[PDB]
A.B. asks: 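Let me begin by handing over the structure; questions about it come next.
All chains are named by letter (A, B, ...) in the order of the sequence lines, taking the proteins before the strands, and each is independently numbered beginning at 1. Whatever order the structure lists ligands and atoms in, that order sets their numbers, starting from 1.
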Amino acid sequence: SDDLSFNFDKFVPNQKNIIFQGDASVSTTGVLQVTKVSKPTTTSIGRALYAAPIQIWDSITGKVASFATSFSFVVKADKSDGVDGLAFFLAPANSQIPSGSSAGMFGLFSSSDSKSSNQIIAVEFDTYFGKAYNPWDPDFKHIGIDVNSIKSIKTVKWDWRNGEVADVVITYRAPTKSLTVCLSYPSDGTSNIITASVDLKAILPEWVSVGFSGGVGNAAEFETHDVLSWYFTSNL
Amino acid sequence: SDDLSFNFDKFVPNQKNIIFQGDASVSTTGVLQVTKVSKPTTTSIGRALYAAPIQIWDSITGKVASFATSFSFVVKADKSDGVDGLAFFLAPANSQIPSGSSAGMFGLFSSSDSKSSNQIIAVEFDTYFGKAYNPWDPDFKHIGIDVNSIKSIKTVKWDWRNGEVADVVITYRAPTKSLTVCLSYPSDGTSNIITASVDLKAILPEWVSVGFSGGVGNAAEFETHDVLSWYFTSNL
Amino acid sequence: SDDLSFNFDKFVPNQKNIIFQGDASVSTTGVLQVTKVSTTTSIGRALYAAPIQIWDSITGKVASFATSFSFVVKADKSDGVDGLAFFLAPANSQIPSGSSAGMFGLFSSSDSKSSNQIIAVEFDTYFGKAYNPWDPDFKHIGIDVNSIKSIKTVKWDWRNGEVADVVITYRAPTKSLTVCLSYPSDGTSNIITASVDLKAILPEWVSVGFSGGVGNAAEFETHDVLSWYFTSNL
Amino acid sequence: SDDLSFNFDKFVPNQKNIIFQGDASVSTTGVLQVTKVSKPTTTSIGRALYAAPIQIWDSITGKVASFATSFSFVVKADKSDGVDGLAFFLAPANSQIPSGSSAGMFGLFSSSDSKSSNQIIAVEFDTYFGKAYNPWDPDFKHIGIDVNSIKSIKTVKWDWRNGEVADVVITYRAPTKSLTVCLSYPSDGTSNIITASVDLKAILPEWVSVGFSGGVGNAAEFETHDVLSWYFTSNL
Ligand SMILES: *[C@@H]1O[C@H](CO)[C@@H](O)[C@H](O)[C@H]1NC(C)=O
Ligand SMILES: *[C@@H]1O[C@H](CO)[C@@H](O)[C@H](O)[C@H]1NC(C)=O
Ligand SMILES: *[C@@H]1O[C@H](CO)[C@@H](O)[C@H](O)[C@H]1NC(C)=O
Ligand SMILES: *[C@@H]1O[C@H](CO)[C@@H](O)[C@H](O)[C@H]1NC(C)=O
Ligand SMILES: [Ca+2]
Ligand SMILES: [Ca+2]
Ligand SMILES: [Ca+2]
Ligand SMILES: [Ca+2]
Ligand SMILES: [Mn+2]
Ligand SMILES: [Mn+2]
Ligand SMILES: [Mn+2]
Ligand SMILES: [Mn+2]
């Protein structure tokens, strides 16, 4: 049946079906630390992609793929606040971190402009919204749908819980071009949701790579960006 | 792998793998009308269950099942308002509509009391909250998590859209006992979400039947309760 | 995606999603004994509780399906009767009046009536010409279409008390039905394929399951299925 | 649920999730020609692997994976006979064609010795058994289970049909270490089967790449080695 379906209940150090870029890696406890967690802390940018590209749309038949993904993640800050955030994304097949990318752009963008050549769709869990540094951001931690730009086309207030596990379910229904983000914290019932219209055929190439990215722009306001598990399915 | 998984992209008149109770039926256009839609309007109560019971928990091993379900539905009211609502539920294997049930109880309850003998867990999409007849309801249309009672243990404001298709994803994660309801309207981006803790092993018997139920208590304030598609998976 | 997909790694006593007919039941050890184990003559069938749409009359589409199961046939002596079968019958079908162990509770007679609407894969242990004149001269795997007299058979190298793994696939576009049997204990393998048009034999809605029989208490054997996987898609 | 599951109903020219080695490629008609079809004909060796490695066993837990795969293929010879054959295999992650490999070794082996360092398990559909060049082969076209050597640990007569489509189902049940090969020709009912005991944990590394390989050692006895579709699943 379905074109593709994979599931990681846990990660293993030096997992061969995951492409690690930047500081991303998996600890001995089995968690994907997309951002570096080290004794003397430090600035960091990392991305982790599934090793095989996925056909998101077909130019022959014109068909677009519907997909669903689920993952659990933890963002633990030392103080009461941290930077910069985590993102789930779709980019051109075997994409590399752009030259001159920063933590605030999650290793996804070279700048704050909206270039159609970026060919990136991402769901961000943005923890830093400082106005002189991230002027494009709203005045609160948020969940945003990014389409070719770090300046989200739509955002929603994210009630982040320090050190608590968040369960996320993202669905893309091709026939209606609807992208829905479902987030909940089992520990206390906190839930956030956001949906937006996005035509994948219009933004991305036929073959894409999916994964996570994140960054810590200021070592003094450190936080982790750990993903505990990951499920993904797609079908044309 | 997984214990059970079924998918209905559409329904067919007199579908043999669906048990119809009350006024529930599937039209020639392939939609499950859990509530009766007729030239001259009338009061109605209906339920539709998947024909085979599902083991939600094992008494031998003590294991509890995790499940996920997705469905799209439409509630179209003649005037600007309608009654009474729709519900997705889990009940004892091959459960029948209780004697003396009403539209306001969605054919799930005999009364407004919280009896542990009911053994019912349901997610309701309640359109009628009139304090004269439904005193247990909040002052707005809502999504509620019902556990052995029509008086929800938790509700959230439901931004119902007249005649628009709503996509719903319900997930139950056994290890954390977390039940999450994710609703969105692709037509305009409206999204509602709610999460609650529920121990299935404590409320339901080992074998249950899953399905939809609904009711129209006042023909003068008529509305449809149509489910367009349905996906379901469970695993112990 | 796929219309239906279920999996039983083990069975549980009085499983609610299985319809038991005749002497079929599940033991406390979690195995489906389609035939009664205790001794006496027996006939039993076990069906999945929900019907399955095998073909659509609107679109004309036919469903492709795959199933996998493991079973054991343990005889007391060096031989036993009568066999086990995997089948597709009309939705919520009952055991026919006057059925016998040699017909696995699937047929009223040895005639080929199109009204039977039955397709079955049999693992036939008894081929005595006295009671089963339609059978070949050896234990076999047969593809039955509306009759106990198989349209095609193949020698079955049955192993007493050993677990057999079976994979049955039906590829609708080519109308091909393949039966794949193997004994992990010693490598013994048997295979058979035949052309069958489901749309021509069965109604839109069918019930799937197992059936079996022990026609002679003196030549007793079990007909136990240990696990079961099934998928179908239109 | 399941670790991995992919399905190709057809192939597309320059498919990004398939690694092509040697002469392997996919035609405009959507078929994977692991061997070159040029006419002007020529000698050829080709391999096609799924782009992402698969974890076949875990050294931490000791668990071994069970897997199932299905594919349809055609071997069309110009004359009444052709060479050399096709193979489905599991090799070390991102394995390359060995230096000095030949068509009779399907681009899998450097020699006819049984080296444990080869770390290869393959199911071959061998069309050439000439004792002059393939002395290790039996006296008929066959299906063989290869474990670290081109000299099969077990074979069975293969009733090859020129130009007809063959459906193959290969299952590996970890608990019993049983590998079963199920082949059938829908056109005439011809069926062949073979099973053998193989401990994956003992032969292969934790991470492996799966795919097809084939060869045409003599351009004068040309034949195609086309795979039409491919399904694969694995679970630890
Ligand atoms: C932005 O990133 C792209 C990709 O690496 C690169 O080609 C471009 O030069 C970058 N812009 C700058 C100013 O570095
Ligand atoms: C309420 O429902 C229960 C279950 O069907 C039934 O036993 C009880 O008698 C009902 N109450 C009335 C008044 O019928
Ligand atoms: C054979 O079985 C069918 C179905 O139960 C029944 O209608 C028929 O009368 C049976 N024949 C006899 C002789 O009982
Ligand atoms: C055989 O293949 C291996 C792998 O490429 C290589 O290391 C070796 O040198 C080759 N030749 C011989 C003679 O083994
Ligand atoms: Ca930011
Ligand atoms: Ca109400
Ligand atoms: Ca017989
Ligand atoms: Ca050879
Ligand atoms: Mn932002
Ligand atoms: Mn309510
Ligand atoms: Mn027979
Ligand atoms: Mn050989």
A.B. asks: Evaluate the 4.0 Å heavy atom contact test for atom 2 (O) of ligand 4: does a protein atom fall under the cut-off?
C.D. replies: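 Yes, there is a protein heavy atom closer to it than 4.0 Å.
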A.B. asks: Considering non-hydrogen atoms only, spot the tightest contact between D/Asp137 and D/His142 and give its length.
C.D. replies: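 The answer is OD1-NE2, 3.3 Å.
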A.B. asks: Between C/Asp79 and C/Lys139, is there a salt bridge with N-O shorter than 4.0 Å?
C.D. replies: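 Counted as a salt bridge, because a side-chain N and a carboxylate O are separated by less than 4.0 Å.
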A.B. asks: Mind checking whether D/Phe212 and D/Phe71 have ring centres under 6.0 Å apart?
C.D. replies: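 For D/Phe212 and D/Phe71, the ring centres are under 6.0 Å apart.
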A.B. asks: Can you tell me if, anywhere in C/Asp144, an N/O/S atom lies at a distance from the Mn ion (ligand 11) that is smaller than 2.8 Å?
C.D. replies: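 Coordinating: no.
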A.B. asks: Could you check whether atom 12 (C) of ligand 4 has a protein contact, counting only heavy atoms that fall below 4.0 angstrom?
C.D. replies: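 Under 4.0 Å from atom 12 (C) of ligand 4, at least one protein heavy atom found.
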A.B. asks: Just which atoms of ligand 3 are under 4.0 Å from any heavy atom in C/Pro96?
C.D. replies: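 Those qualifying, in numeric order: 2 (O), 5 (O).
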A.B. asks: What pair of heavy atoms forms the shortest contact from D/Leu108 to D/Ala122, and how long is it?
C.D. replies: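 Where D/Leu108 meets D/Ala122 most closely, the heavy atoms are CD1-CB, 3.8 Å.
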A.B. asks: For the residue pair C/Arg159 / C/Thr188, report whether a side-chain donor-acceptor contact shorter than 3.5 Å exists.
C.D. replies: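 Yes, a side-chain donor-acceptor pair sits under 3.5 Å.
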A.B. asks: Can you pull out the closest protein heavy atom to atom 10 (C) of ligand 3? Residue, atom name and distance to 0.1 Å, please.
C.D. replies: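 Looking only at protein heavy atoms, the one closest to atom 10 (C) of ligand 3 is C/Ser108 OG, 2.5 Å.
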A.B. asks: Hey, what's the angle at the Mn ion (ligand 11) spanning OD1 (C/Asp135) and OE2 (C/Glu122), nearest 10 degrees?
C.D. replies: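 Once rounded, the angle between the two atoms at the Mn ion (ligand 11) is 160°.
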A.B. asks: What protein heavy atom lies closest to atom 14 (O) of ligand 3? Include the residue and the distance to one decimal.
C.D. replies: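 The closest heavy atom on the protein side is C/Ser97 O, 3.5 Å.
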A.B. asks: Before moving on, can you tell me the angle at the Mn ion (ligand 11) between the NE2 atom of C/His140 and the OD2 atom of C/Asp124, to the nearest 10 degrees?
C.D. replies: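 Between NE2 of C/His140 and OD2 of C/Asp124, the angle at the Mn ion (ligand 11) is about 100°.
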A.B. asks: Hey, can you tell me if C/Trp156 and C/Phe123 have their rings parallel, tilted or perpendicular (30° and 60° cut-offs)?
C.D. replies: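 Judged by the thresholds at 30° and 60°, the geometry between C/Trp156 and C/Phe123 is perpendicular.
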A.B. asks: Using the six-membered ring wherever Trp is involved, compare the ring planes of C/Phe65 and C/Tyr170 and label them parallel, tilted or perpendicular (cut-offs 30° and 60°).
C.D. replies: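 The arrangement is parallel - the two ring planes meet at less than 30°.
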A.B. asks: For atom 7 (O) of ligand 3, state whether the nearest protein heavy atom is under 4.0 Å away.
C.D. replies: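 Protein heavy atom within 4.0 Å of atom 7 (O) of ligand 3: absent.
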